[PDB]
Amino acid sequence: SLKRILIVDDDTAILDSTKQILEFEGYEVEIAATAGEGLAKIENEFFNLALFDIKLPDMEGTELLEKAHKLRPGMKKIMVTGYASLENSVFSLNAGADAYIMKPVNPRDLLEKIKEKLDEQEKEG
């Protein structure tokens, strides 16, 4: 029933605030503070959509994306980063990201982008 979203960011403050916003909107949410943790969850649990930070402690969020997209091509993936670059944006595009947002992002904009991608997912089947 409920749409399920994974948030991956080593900033636990961002995890907390983002989870609260998403849960209040009515989503079921899981959080992860490292790329390895995110990947383990993606392997074992279903998600409609994931939000990925890029500058993660244990590996670049772009590597996380690449693996996640191989595992779950149908899942939507939005990069959300305060470390945007030409290199990591081009990589994110090639690796399967569906959207790319630069921090700080406000709650309304984040929810609107998520809804848009979840709608597109439904129309795709």
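Residue positions are given as counts along the sequence shown, with the first one as 1.
Tell me which stretch has the larger mean Cα B-factor in this entry, 64-72 or 92-100.
The deposited B-factors put 64-72 ahead on the C-alpha mean.
Mean C-alpha B factor from the entry: is it higher for 50-58 or for 75-83?
Comparing 50-58 with 75-83, the higher mean C-alpha B-factor belongs to 50-58.
Have a look at 114, 15, 21, 105 and flag the one whose Cα has the highest B-factor in the entry.
The listed residue with the largest C-alpha B-factor is 105.
Tell me, lowest, middle or highest third: where does the Cα B factor of residue 40 rank within its chain?
Ranked within chain, residue 40 CA B lands in the highest tercile.
Residue 118 by Cα B-factor - lowest, middle or highest third of the modelled chain
Middle third of the chain for residue 118's C-alpha B-factor.
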